[PDB]
Each structure stands twice: as C-alpha cells, then as structure tokens.
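In case you want the letters, here they are:
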Amino acid sequence: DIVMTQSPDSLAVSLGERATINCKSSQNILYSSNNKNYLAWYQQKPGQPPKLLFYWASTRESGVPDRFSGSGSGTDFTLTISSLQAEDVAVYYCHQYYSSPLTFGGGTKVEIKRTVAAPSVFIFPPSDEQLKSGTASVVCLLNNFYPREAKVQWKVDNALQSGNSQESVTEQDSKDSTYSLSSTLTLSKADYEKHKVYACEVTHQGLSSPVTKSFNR
Amino acid sequence: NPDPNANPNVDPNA
Amino acid sequence: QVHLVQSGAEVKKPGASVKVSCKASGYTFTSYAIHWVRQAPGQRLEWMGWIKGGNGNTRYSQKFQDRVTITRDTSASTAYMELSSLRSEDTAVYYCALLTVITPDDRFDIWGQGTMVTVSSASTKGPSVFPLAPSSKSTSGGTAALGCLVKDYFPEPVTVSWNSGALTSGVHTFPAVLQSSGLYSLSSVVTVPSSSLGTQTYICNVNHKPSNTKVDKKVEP
C-alpha cells in the first residue's frame, strides 16, 4: 500500500501570511506516460465531509480561491495558501489514486493567529425544569476569546469546587478566529439547595485580573 | 504503472 | 446538483450488523462508482471499497473485504454499505462519496454528509433538554445569550439547530463532555439582540436519533 505522510501535523500562522503543507508518498505516483501526479488535496471543516481542492496535484477545482495552489511531483507535494484567511482554518488531507487501496494522509491542522480578545462571561442558574426533574446544573459561558487557553474555577459559598464540573472548547471560529468555552457544574438538587452563592471565576490573557460572575440561589 | 481500477471515476486513458 | 444523502446515525451492539444507505441524485446513476470511506476518531480517512452504479461490480479494501458488502439499487439510485460482526472499534463516521470524477466531459468530487455509527454494549439513553434562559446575568452591551442544556444521553451524536436552522449567526454548539456516569452532555448557546427579546421566538431543535428523541424547546426570559 502507498503510505501518505504529511508535515507538519499542525501549524498556526497570522491572518494574511503564507501557510505551507507538505505531503510525501512512499511510492512514486507520477506517470511518465501522461506526466500526471495521481494526487488530490482535500479540506475538511468540522461536521463536514472533506472538500476537494486540487486534482492531479496542481489543478484547482472550480471556485477554489486563487490564494490556494498545489505543487510538487513524484513523491513530494505541497499545498500553499499564500495569504491565510479566517475561513481557511481546517484540516487538510492529501490523497493518492495511483494504486489500490486508495489512501489518505494523516492530515495537517491549520489554525489562525490573531490579536488577544478577552472572553465575555455569562452564568446560567439551573432551570426550574431541571430542578423539578431532580438535579441542578450551573453553566458558565466564555464567549469569543483568543488565545484558546482559559482557566475556569467554580466557587460555591466561596469554597473552591473540585471534581464536579465538565468543560469543552469549540473549534476555531471561521469568521473571527476566536474560541468559546462552556463549563458545567453538576450538582445534586439537595446539594444545590444547601448553598447560596454560585460563582465562576475566569482567567484569560485578555483579562488583567480574573473575572467572576455569580448569582445567589 | 497506475492501477486503472483503483478508482473507476478517474479516466483510465487520460 | 450532484448530491449524495446518507441515512441517519446508528447504534449497534457488538456482533450485530449495520447497513447505511446513500441516495444519489443530479447525475446519471449508472455512469459512476460510489466509494465508501471510514473516518475513525483521531484516525485518517480509510477507503473501504467502491461499487459501479451501472453493472454493480465492486472492489473492497483487503482490510474490510472480510466484513463489508456494498450493493446498489439503480431503480432507487441508492448505494448501500453493510458491515457485519461489529466491534466497538468500528465506531466511526462512514461516508459515501463520488471520489474524483475526472472525465473529458465531467469533473467533480461529491460526498454524502456522513453517518455516525456507534458500537457499544452500554445502554442507549435519550437526553433531557433544559432551557438556558436569557437574563441580566447573560445580557449586556445590546446582546443577550441564551441556550439549551442537553443532559445525560448515550451514545453520540446529538444535533442542535435554532429556529429550524434559520438562526445560525452567533450559535455555539459545544463538543459533548462525558459525565462520571459514562453519559454525555452538551450545551448550545446563541447570542441575539437584546432589543428584540419581546418580538422574536427562540427554539432549540434537539435530535438524538439513537433514542428516537426529537425535542423542540422554546427558550424565553
């Protein structure tokens, strides 16, 4: 089988700068008879199938912006984005159709570097519906921030919580290159009713001191 | 050298 | 338009079989071959096999030929992939695709939307859906944040849309997290103008096909 290896596995460049993705095939996929490289480039955004960008190593699909170009030959190939745009954040995959089985590279994740943006922080108490159903979850939302690293701490009656929350961060936004994060404090209804002050404290590069949002049950 | 049956969608005589 | 539409998300126990459909339209079904491709978590795309819409000839990956069968029904313009003797490691997104059609007269590459298949011996469970209501604690600067908490379900995936997909600006549907119980939860939130909270209606549409759950929750102040 032909193994497709990509380098780097991950790269971050500022908006409008060049991005270079390399693909290496373990076998020659250039056919001297027609002088064609049997390679395709694909772009995959979250929740979507891969989108073909190049046939034959260097032939752009209809409608692919001109900042994209495919190059290389034989065993070594390159995808270049000459001026990286916010909408270009994605995982890029090479593909050979020279021999069977068809195979794909491991992917190169492309991300955007942009200016620091502080999170907007919001807190949601348990809904009456959830309390009537017997549990209580408190949600802390950190919206549209950059860089991705952010620290959330839960405090109940000013006591630091441990072991009862879960959080996740979004993929990078395709318009403003930011991230958002949701954290949930999962409590029993009995424990929720035992305390008054519910707070989430957020640390992030765009904040000069941690920001706390809270409510009283 | 190329396997024309790898992907029949690729013109095998291009 | 050339279009491929796949059947919905699946959940199976180990040892069972699954059959995913791929309905084609917008081209002559008998002219081209439909490929099946697996995308396992954190793993590369893996080609599974192809079938010609015309004569029904197939070719399988010798990683999968043992357990995969691909078939097509021209009168229905549909291809099928059946994977038998399922193992929990078969959990993946399965795609059908018209991979790299390069002809003198036609050149395109079109994929179905993918089908999530989970293989697990753990129990299926549908989510509870709770409102995350806009309040002064989520409202400022002219915008209000509101959302839906989708709590305690198994397996993935849950989908969430807002206003049947007419509201997408400012929507963040977060990746699912795991509870200590082994159940999942996720959040979906949207930021909207605070000035029109009285005239607009916001509804989160929550779909969890493995449990046949379809919920529409109005979220209001």
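Calculation criteria
- Residues numbered from 1 in each chain as written, not as in the entry; some residues may be left out.
- Chains lettered and ligands numbered in written order.
- Heavy atoms only, no water.
- Residues with missing side-chain atoms left out of burial classes, pairs and counts.
- Contact = heavy atoms within 4.5 Å.
- Buried area = accessible area lost by both parts, 1.4 Å probe.
- Salt bridge = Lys/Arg side-chain N within 4 Å of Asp/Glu carboxyl O.
- Polar contact = N/O pair within 3.5 Å; in protein donor to acceptor, adjacent residues only side chain to side chain.
- Nonpolar A, V, L, I, M, F, W, Y, C, P; charged D, E, K, R; others polar.
- Pairing = 2+ DSSP bridges.
- Helix = DSSP H or I, 4+ residues; strand = E, 2+ residues; numbered from the N terminus.
- Axes fitted to C-alpha atoms, helices over the stretch in contact; angles between N-to-C directions.

Per the deposited record, the coordinates in this entry were obtained by X-ray crystallography to a resolution of 1.8000 Å.

Caption draft 1: Structural context of the interface of chain C and chain A. Contact residues are listed per partner, giving 39 residues for chain C and 48 residues for chain A. Contact between chain C and chain A buries roughly 3600 Å² in total, counting both sides, with carbon and sulfur atoms accounting for 63%. When the buried area of chain C at its contact with chain A is split by residue, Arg44(C), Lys137(C) and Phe174(C) rank highest and sum to 17% of it. The interface formed by chain C and chain A holds 1 salt bridge in total. At the junction of chain C with chain A, the criterion picks out 18 residue pairs in polar contact. Partitioned by chemical class, the residues of the side of chain C that touches chain A number 21 nonpolar, 11 polar and 7 charged.

Caption draft 2: The sheet that holds strand β1 (residues 4-7) of chain A, seen in detail. Residue and element names in this part refer to chain A. Strand order in the open sheet formed by 4 strands is β1-β3-β10-β9, with antiparallel pairing between adjacent strands. Here the strands that pair on one side only, and so sit at the sheet edges, are β1 and β9 (68-73). Within the sheet, the average angular offset between the axes of one strand and its neighbour, ignoring direction, is 20°. Pairing between β9 and strand β10 (residues 76-81): 6 bridges, direction antiparallel.

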